[PDB]
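Protein chains in written order, with the deposited numbering: chain A, 2 to 418; chain B, 217 to 377; chain C, 242 to 1275; chain D, 737 to 834; chain E, 492 to 589. Structure, as structure tokens:
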Amino acid sequence: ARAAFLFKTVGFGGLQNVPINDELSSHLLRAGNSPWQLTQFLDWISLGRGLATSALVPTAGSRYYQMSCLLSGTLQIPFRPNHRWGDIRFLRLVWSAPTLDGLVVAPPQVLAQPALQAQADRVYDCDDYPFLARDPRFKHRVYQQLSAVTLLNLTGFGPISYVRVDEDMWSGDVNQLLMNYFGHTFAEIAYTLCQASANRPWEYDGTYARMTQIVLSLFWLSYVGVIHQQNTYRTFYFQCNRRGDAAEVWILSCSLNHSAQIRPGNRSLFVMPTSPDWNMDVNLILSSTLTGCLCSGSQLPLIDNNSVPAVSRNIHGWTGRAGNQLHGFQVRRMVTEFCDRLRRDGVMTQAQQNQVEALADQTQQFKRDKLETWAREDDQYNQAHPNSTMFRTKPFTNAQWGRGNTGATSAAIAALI
Amino acid sequence: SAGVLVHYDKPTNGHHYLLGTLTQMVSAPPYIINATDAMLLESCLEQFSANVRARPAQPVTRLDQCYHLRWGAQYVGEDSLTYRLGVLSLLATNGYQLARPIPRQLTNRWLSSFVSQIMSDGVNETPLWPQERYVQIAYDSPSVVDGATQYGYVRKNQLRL
Amino acid sequence: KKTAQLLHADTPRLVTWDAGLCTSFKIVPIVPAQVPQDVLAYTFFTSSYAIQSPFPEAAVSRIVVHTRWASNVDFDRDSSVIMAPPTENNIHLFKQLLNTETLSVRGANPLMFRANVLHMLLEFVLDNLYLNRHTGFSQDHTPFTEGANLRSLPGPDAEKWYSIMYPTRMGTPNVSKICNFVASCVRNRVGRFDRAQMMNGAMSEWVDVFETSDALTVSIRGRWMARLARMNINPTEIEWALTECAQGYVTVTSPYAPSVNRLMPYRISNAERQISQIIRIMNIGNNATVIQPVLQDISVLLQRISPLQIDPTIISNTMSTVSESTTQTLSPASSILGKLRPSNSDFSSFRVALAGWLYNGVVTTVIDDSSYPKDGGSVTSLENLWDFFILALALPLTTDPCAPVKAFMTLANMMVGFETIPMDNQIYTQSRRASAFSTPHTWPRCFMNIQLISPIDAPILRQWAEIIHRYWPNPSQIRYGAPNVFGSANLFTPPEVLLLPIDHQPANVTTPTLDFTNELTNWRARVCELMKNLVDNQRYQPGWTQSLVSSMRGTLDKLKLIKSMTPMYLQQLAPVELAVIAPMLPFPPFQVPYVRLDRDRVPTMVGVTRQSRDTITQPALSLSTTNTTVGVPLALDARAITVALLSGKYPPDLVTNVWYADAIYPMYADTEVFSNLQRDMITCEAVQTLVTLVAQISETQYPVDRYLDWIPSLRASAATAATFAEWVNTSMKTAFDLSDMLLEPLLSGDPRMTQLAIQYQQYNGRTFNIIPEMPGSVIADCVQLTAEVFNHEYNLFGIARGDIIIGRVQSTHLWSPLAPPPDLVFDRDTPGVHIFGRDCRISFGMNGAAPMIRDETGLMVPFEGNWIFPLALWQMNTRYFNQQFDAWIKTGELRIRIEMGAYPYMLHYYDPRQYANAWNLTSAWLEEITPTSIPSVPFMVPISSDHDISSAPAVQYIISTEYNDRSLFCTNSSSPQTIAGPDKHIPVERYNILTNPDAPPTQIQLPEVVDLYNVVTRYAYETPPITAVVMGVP
Amino acid sequence: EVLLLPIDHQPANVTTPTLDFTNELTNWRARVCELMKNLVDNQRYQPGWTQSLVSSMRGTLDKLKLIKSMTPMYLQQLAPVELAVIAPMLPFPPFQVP
Amino acid sequence: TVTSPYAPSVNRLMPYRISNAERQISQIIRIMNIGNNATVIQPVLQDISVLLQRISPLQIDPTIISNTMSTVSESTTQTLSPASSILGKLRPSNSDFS
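Here it is in structure tokens:
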């Protein structure tokens, strides 16, 4: 179980403010004035069947980052030491209730008065605000989404996911529930688990918690290439027909060909992508979201201070003195890792590998060009309108395009088995 | 809806919570008392007496006797008896002493007068404020729960008397 | 109507299937092709060999909107948007809303345009809420493709569907425009290219195909599928929820094997149930005739489920236990058997007292006034004694929060002339009727503290007050429901918790035998002892024999010791029955906390809010003023409740587990809750859609983006907003096939400041608020996406943007008026223009002096130059302006720019080789302008030729300020080229997935450009009923 | 050049909110409704009422308090304009004391 | 706005200008003419009210009240109710608003 409820806000990208403005905020709240957007997010990415795109939200990672920016900017009003909610405005917006249900447009007298000036990289505690401390169910319901936001905002790279292997997790009820998900895609399972988590918070060792941990382990082990049709994990695995494409689909399948031998004991790690490609990959974002929704009911091992930037260190329940390190990979090289592991196992030929690599190279070319063009447009806009100063996507640098530690994380995930 | 009480020092049979029923105490001639208010009042009087009678070489069964409110604060208003009794409980635990003798066998009229004083007009001057989160001790308070007890008490270096 | 809506509501139709094409735009041939010409031999064209072509073969082709023109559906939403070609008049689309005062059939009010477009866009969304169905494929037996798999459409005449749906399958023997385009495409992207074959010998779960479609409706149906997928649940979770709901008296099974994919959308969020509950509560307020049948239904079900039955003789026999002599005139037992008066048909009044426990937040159960003494109570009479006894037993069962004071005053009214106690004033005195004491303010101060009652003057009342204060029943709570599927609708209490005024204790034994340790018997014991005290009185006795004092105390001991199973049943079996029944109720429980004697906490008001006031945008500030109170009291019979309390009987041999297992089994086969959940989701969607659509035409407190502010709209008022909201409601109800009420509670008010919240307040001034969170809505987001796309693609919808210039232009050139040269246009910043506004005044000319009109600067100018007009100035002075200016526009050198913003248009084509003049059309348009309406703007456009033609004069009179020709497809689609007139080739950007070989197959280009060839996902999910997969053990 | 009115006037504006207590007439209606809520709230001026009726009176008063009538708006803005337009043309010109 | 074209001349005659004292004298005469006879003043008020009814865009719909309440009585057995009492006293069924 978890005893501390700390979270971290977004940091400025060299700008003078939070990188969100009025236009983007009105775009987010066009169909619902709740800052807790995690359900509406799920309706926009459309189960991951295609490349979602908007004029103001070019990608899925763009919307995820903009939700983070809005929460980080707006939650600083009720968390001031005086703990007042309806007295001032943040970018024409005010809070509806002491219980933070939604946002409305400020009344004229507050519009006349100036706005709150937020700060970068703040760390807050949920127990400080009295209305959160009073109601535990409300605190957990919002802390799920705050945990997801912290997981995005902890470092400069993409979202962080958690992988665990343990034999004693399995039980009768877990088997009974897992059989129902045969033939479903990863996105559908993620949707249903997120809705179930929203309705009722999970026990420490409930059926749903162990279920979602097993699902994450299956997805990541299939993603690396350790587990396939001919080498299963108690007959269960994930299958992709079109590896390397812009919008991959993974399907949960059952097979009786083989069962891989599993060493006893409990093992786990934290993994994350570093290349900007994660902005267009929905499975990784959903994996991080599932970890966030899990984090409310359970307590995860601490992350080492040496794998995180300076400002994000020594957070009470998140980072620690000698915790686990972060395993970072970038997408294009992992496809080569997948193909190599399959070819060594003997289930794949050289020509098939050639075709997969060619398709993945085309995909990476397209993605890199689009992201660079959008970055250029944002720079131009920031120069033209100094009173707006916004960002549509999380910033990145060129050095993030190269590979790094990919082989190490691949080896570690294969060594989890 | 009624509050939930707890002992952190040495609970009788282990960790436990007390939930009050919606009965009342009418024995006091001019005032009506809920069960939770009655428990807080009796315990705080006990701790005040134990503070005043304390001797350095004389051990006591428990170092803290006052109750703590753990749940149900939002149902209690700032003009009420429960909230003020919580403030007084925190004061007594910190080491404060009442400026009036407490008899070794209480009577109804004495309790009536005491409650009337508590509910008398005025404001709270001491810098100690209740929190359901934890029990806060001053920097220089002569208490010694913190060394011997691990759960529920937190000492603040900036909250000083 | 309201109570029928309360009992059961129409189930909306969510899941519907489409087996056609996912497209809503259509290419049509405005002008015929010139195939039998005299430069090219007819053998060139592929039309003479009868090759079916993917596109129309014509000199001009254009794109129009036609929702579901290629679809094949199993349910009809019946909200189609059908558009005629631009060579026809389309004004009827724009004159459907608020054009009820327009006289002409050919005109529409411009200030209503923004209202008509928005509703139109809503319709466009509502017709496209469908799921794409997987039909079947075949492999190509011809070399036209590389063995591709081609899809089959149900219905007649598929041989044209095959040519339409796969443009790239056509051969290329020619150098026409179509052949060049289709030769420029790639050849491996036709047909199916994904397949989720999970089980051998069954339907594949879904497929991904390349086919003709547009990106906009694909996006809409993707969002719809995503919503329905988040709503999904599986049989195992249903089994667990049903097992939890029955507390273990029902077992159902689920299968355990790999099975086909199903779609059972039933899980919703808690906020949706909150909002539905609030809407229903404001729907029911202050009406007893609405809620009484609900309690009647629940009482009947309680009798159906429960083992207890009422046997009146259990009292009668005990009453015959003692004999009284035939030498007396008054008898106690006769009084009991007369005043109790059972007939066993009043059992309902007992059950209705239990159902009321579930609804004390909106309904209050009070004892009818006639149960009290007719002229007041006197302790000397026996009837009045036993009436007090009946009331003192009956009162605790009610939910009326002022029952204790009513009992105390019922006794105090008996002692007038015997004992006295102080009161607060002269109006509410000791002789006041006890029913009058109905509010916390009427509680006397002697009742609070016992020092105000003399122990020497009124010892009986002292004892009665002590008994009431320390021996009244204690409230309790129980657990119920299964929130993992059904969620909960508890507003003020926590979910999963049901509150009771009576303490509950579970049973340890399934074969019970009589026990008196229950709280109800303990109360009756106090009551009988207190009766004995004042009967034994020597002050009461003088008119009575001593044997009568003895016989009174004897009969008080007969009823003290009656074999009553009612009290033990309520303490142990009844709470379980309530917890089992509650989750199946169509109106879920709604409660406020029970308080025993704590007067500082009795609830005094329950209020819902639906709108806000002035300059207040935050609900927490306006809820305290804008709310409306809710609640009614209900009247019960005291004698029925007392008889049921005294005379309860179990069946001779009862084993509780078997009884409840047999009783509860049938009722769990009913699935009305699964319909109620879908009803809740539709209600929330409709509310959010209403808010988003209303925000466009008027100012509101929510933050929403505004794309259509370039369309003229009127100064809306409260009436206009209500009139728009009624149309929104009608469309929403028609699409989802609902015949009962929707959004109508909101519409009895001003819809421009809507909000939903509830509160209740205590006697001491403390108030508690509930403000549900808006869950978001997919219909509103899809409508806003439609608005974003419309912002760029307005031309396909029949709307032109900008202004027009009226002026004579004559030449032989062949440019199009929808894209004129820049030198014919002028604007406000042009040097030499005159700009007019409100105060134009014409002064006539004399003796050959030219007439003049007044500028804004104050200068007066003659009728020749470049003028700028707003439309309203011509509208409000139509006849005068025509008669003054038409001659000078026709022959003179006057050119006028009319600012219109958005307008419809009509196209007229002509043969360029002959003389053409457009004056008649423009004169008709000018003369048909009225103060409140205008007709479609007429344009004259030349036809394109593929070979040499000679030139001829032409006169034009209307041109557009900017490019408005986006609805044009290719011209001369069958000839190698176009020689004269406007020239256009097939738009490459629409087919980017085929023309650009390095693009990913799933790319889209919204909102800028709508693609016309896409990748579509088609499903084959099963939608069975819940009874089919979940089976109970008989 | 002056015409006297017993009510205040404001510039005409068709979009004025219905629930606005800056208008004198709507405010007057609200004050009267709240006073009656005070009158009936405690049931001390109504002995002889056998069963409680406070919730029903409060509900009816709230319904009458928030009603969506345009008449106060019309009397504040358009009626003075109509009177001023008609006045110069009357056969019997106005005769007013203050 | 009103306009009136004309050609220049000096033999035109349009005699209509007078003073304020003459109008005041005529008004005083008209005031004395009434002489407490109500039959003199009844037509003036009646016709002005009908003209106002014609010109004004405001229109009176009593149904707005009946929908706000939304109560129906089953029979005379619903003896006492505030909403029905107020609706019965207000009488929406009558449409004379003179």
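Virtual Cβ for every residue (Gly too), placed ideally from N, Cα, C.
**Request:** Excluding the 5 residues preceding and the 5 following C:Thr621 in the sequence, name in chain order all residues of the same chain whose CB lies nearer than 8 angstroms to its CB.
**Result:** By one-based count along the third sequence, residue 621 of chain C stands at place 380. Taking C-beta separations shorter than 8 angstroms and ignoring five residues to either side along the sequence, the partners of C:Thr621 in its chain run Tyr781 and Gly784, following chain order.
**At least three beta-carbon pairs within less than 8 angstroms, the region 482-499 of chain C to the region 550-568 of chain C** = Segments in contact, no.
**Message:** Could you give the first and the last residue of the continuous alpha helix (DSSP H) run that contains C:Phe831?
**Reply:** As a first step, residue 831 of chain C must be located in the third sequence, where it is residue number 590. In the DSSP assignment, C:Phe831 falls outside any alpha helix (DSSP H) and carries neither an H nor an E.
**Prompt:** Which same chain residues, not among the five before or five after A:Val250, have their C-beta less than 6 angstroms away from its C-beta?
**Reply:** The residue labelled residue 250 of chain A in the question sits at position 249 within the first sequence. Short of 6 angstroms from the beta carbon of A:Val250, and not among the five residues preceding or following it, lie these beta carbons of its own chain, in chain order: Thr186.
**Request:** Check distances from the C-beta atoms of the region 131-147 of chain A to those of chain B and list, in chain order, the residues that come in under 7 angstroms.
**Result:** Those residues of the region 131-147 of chain A that come within reach of chain B (Cβ to Cβ, closer than 7 angstroms) are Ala134 and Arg135.
**Item:** Neighbour list for C:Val836 in chain B, Cβ cutoff strictly below 8 angstroms
**Value:** The residue given as residue 836 of chain C occupies position 595 in the third sequence. Those are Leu238, listed as they occur along chain B.
**Asked** So A:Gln363 is in the alpha helix (DSSP H); what residue range does that whole segment cover?
**Response** Translated into positions along the first sequence, residue 363 of chain A becomes position 362. Per DSSP, the continuous alpha helix (DSSP H) segment holding A:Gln363 begins and ends at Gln351 to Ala385.
**Asked** Between D:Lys773 and chain E, is there a C-beta pair that is closer than 9 angstroms?
**Response** Numbered from its first residue, the fourth sequence carries residue 773 of chain D at position 37. By this cut-off, D:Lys773 is not an interface position.
**Request:** Could you have a look at B:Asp253 and say whether DSSP puts it in helix, strand or coil?
**Result:** Stepping through the second sequence from its first residue, residue 253 of chain B is reached at position 37. Looking at B:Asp253 - three-state DSSP - the assignment turns out to be helix.
**Request:** State the start and end residues of the unbroken alpha helix (DSSP H) segment that holds C:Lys243.
**Result:** Within the third sequence, residue 243 of chain C is the residue found at index 2, counting from 1. Looking at the DSSP string, the run of the alpha helix (DSSP H) that includes C:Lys243 is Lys243 to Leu248.
**Euclidean distance between Cα positions of C:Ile474 and C:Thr530** = Numbered from its first residue, the third sequence carries residue 474 of chain C at position 233. Numbered from its first residue, the third sequence carries residue 530 of chain C at position 289. Using only the alpha carbons, I get a separation of about 38 angstroms.
**Message:** Rounded to the nearest angstrom, what separates C:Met772 and C:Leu797 at their Cα positions?
**Reply:** Counting from one through the third sequence, the residue named residue 772 of chain C turns up at place 531. Counting from one through the third sequence, the residue named residue 797 of chain C turns up at place 556. Straight-line Cα distance between these residues: approximately 8 angstroms.
**Prompt:** Going by Cα to Cα distance, which pick from E:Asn502, E:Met560, E:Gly579 and E:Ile546 is closest to C:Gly990?
**Reply:** Working through the third sequence from its first residue, we reach residue 990 of chain C at position 749. That would be E:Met560, whose Cα lies nearest to the Cα of C:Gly990.
**Request:** Please work out which residues of its chain come closer than 6 angstroms, Cβ to Cβ, to C:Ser1208, disregarding the five sequence neighbours upstream and downstream, and give them in chain order.
**Result:** Numbered from its first residue, the third sequence carries residue 1208 of chain C at position 967. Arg303, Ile304, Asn1036 and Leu1037.
**Prompt:** Using the beta-carbon of each residue, which ones in chain B are nearer than 7 angstroms to A:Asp128?
**Reply:** In the first sequence, residue 128 of chain A corresponds to position 127, counting from 1. Chain order gives the chain B residues near A:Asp128 as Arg349, where near means a beta carbon separation below 7 angstroms.
**Prompt:** When you compare only the Cα positions, how much space is there between residue 442 of chain A and A:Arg244?
**Reply:** As shown, chain A starts at 2 and ends at 418. That puts residue 442 of chain A outside it, with no answer to give.
**Beta-carbon proximity list for C:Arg254, same chain, < 8 angstroms, skipping 5 on both sides** = Taking the third sequence and counting its residues from 1, one reaches residue 254 of chain C at position 13. Within the same chain, and ignoring the five residues on either side of C:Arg254 in sequence, the residues whose Cβ sits closer than 8 angstroms to its Cβ are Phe316, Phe977 and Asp978.
**Asked** Does C:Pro953 have its Cβ less than 9 angstroms from a Cβ in chain B?
**Response** Locating residue 953 of chain C in the third sequence gives position 712, counting from the first residue. Not one chain B Cβ lies under 9 angstroms of C:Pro953.
**Message:** Buried or exposed for A:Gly173, going by 16 or more other Cβ atoms inside 10 Å?
**Reply:** Position 172 of the first sequence, counting from 1, holds the residue named residue 173 of chain A. Looking at its Cβ environment, which holds fewer than 16 other Cβ atoms inside 10 Å, A:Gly173 is exposed.
**Asked** Over what stretch of residues does the beta strand (DSSP E) that includes C:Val607 continue unbroken?
**Response** Taking the third sequence and counting its residues from 1, one reaches residue 607 of chain C at position 366. Annotation for C:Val607: the continuous beta strand (DSSP E) segment containing it runs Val604 to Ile608.
**Prompt:** Taking all protein chains shown into account, do 16 or more other C-beta atoms lie within 10 angstroms of the C-beta of C:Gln996, making it buried, or fewer, making it exposed?
**Reply:** For the purposes of this step, residue 996 of chain C is taken as residue 755 along the third sequence, with counting starting at 1. Around the beta carbon of C:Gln996, 16 or more other beta carbons lie within 10 angstroms, which makes this residue buried.
**Message:** Taking DSSP's pairing of strands, which residues face C:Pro844 in a bridge?
**Reply:** Against the third sequence, residue 844 of chain C aligns to sequence position 603. DSSP lists C:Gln1003 as partners of C:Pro844.
**Prompt:** Going along the chain, which residues of its own chain have a beta-carbon closer than 6 angstroms to the beta-carbon of C:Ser289, five neighbours each way excluded?
**Reply:** Here residue 289 of chain C refers to the residue found at position 48 when the third sequence is read from its first residue. Around C:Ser289: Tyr283.
**Asked** Is A:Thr40 near A:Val150, with beta carbons less than 9 angstroms apart?
**Response** Residue numbering aside, residue 40 of chain A sits at position 39 when the first sequence is read from its first letter. Residue numbering aside, residue 150 of chain A sits at position 149 when the first sequence is read from its first letter. Not a contact, by the Cβ cut-off of 9 angstroms.
**Request:** Just the chain A side, please: which residues come within less than 8 angstroms of B:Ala289 by C-beta, in chain order?
**Result:** Your numbering for residue 289 of chain B matches position 73 in the second sequence. Going along chain A in sequence order, the residues near B:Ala289 (Cβ under 8 angstroms) are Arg135.
**Test: C:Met1147 CB closer than 9 angstroms to a CB of chain E** = As a position in the third sequence, residue 1147 of chain C is number 906, starting the count at 1. No, C:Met1147 does not count as interfacial toward chain E.
**Message:** Once the 5 residues before and after C:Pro874 are set aside, which same chain residues still bring their CB inside 7 angstroms of it?
**Reply:** Numbered from 1 along the third sequence, position 633 holds the residue referred to as residue 874 of chain C. Taking C:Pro874 as the centre and dropping the five residues before and after it, the same chain places the C-beta of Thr605 and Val607 closer than 7 angstroms to its C-beta, in chain order.
**Message:** In whole angstroms, give me the CA-to-CA distance for A:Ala2 and A:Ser299.
**Reply:** Counting from one through the first sequence, the residue named residue 2 of chain A turns up at place 1. Counting from one through the first sequence, the residue named residue 299 of chain A turns up at place 298. Rounded to whole angstroms, A:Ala2 to A:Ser299 spans 5 angstroms at the Cα level.
**Request:** Below 8 angstroms on the Cβ atoms is my guess for E:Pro534 versus E:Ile556; work out the distance and round it to an integer in Å.
**Result:** Along the fifth sequence, one-based indexing puts residue 534 of chain E at 43. Along the fifth sequence, one-based indexing puts residue 556 of chain E at 65. 33 angstroms between Cβ atoms; not a contact.
**Asked** Is B:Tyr247 helix, strand or coil by DSSP?
**Response** For this step, residue 247 of chain B is matched to residue 31 along the second sequence. Here B:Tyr247 sits in coil by DSSP.
**Request:** Taking A:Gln146 as the reference, give the member of A:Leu343, A:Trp402, A:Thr394 and A:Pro36 with the closest Cα.
**Result:** In the first sequence, residue 146 of chain A corresponds to position 145, counting from 1. It is A:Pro36 whose Cα lies nearest to the Cα of A:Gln146.
**Prompt:** Residues of chain B with CB under 8 angstroms from C:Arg720, in chain order?
**Reply:** Here residue 720 of chain C is taken as the residue at index 479 of the third sequence, counted from 1. Within chain B, no residue comes near C:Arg720; the closest Cβ sits about 16 angstroms away, beyond 8 angstroms.
**Item:** Under 8 angstroms by beta carbon: chain D residues contacting C:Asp855
**Value:** Counting from 1 along the third sequence, the entry for residue 855 of chain C is found at position 614. Within chain D, the residues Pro753, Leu755, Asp756, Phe757 and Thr758 have their CB atoms less than 8 angstroms from the CB of C:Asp855, given in chain order.
**Asked** Where A:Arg369 and A:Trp402 are concerned, what is the direct C-alpha to C-alpha distance, given to the nearest angstrom?
**Response** Taking the first sequence and counting its residues from 1, one reaches residue 369 of chain A at position 368. Taking the first sequence and counting its residues from 1, one reaches residue 402 of chain A at position 401. Taking the CA atoms as reference points, A:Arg369 sits about 9 angstroms from A:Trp402.
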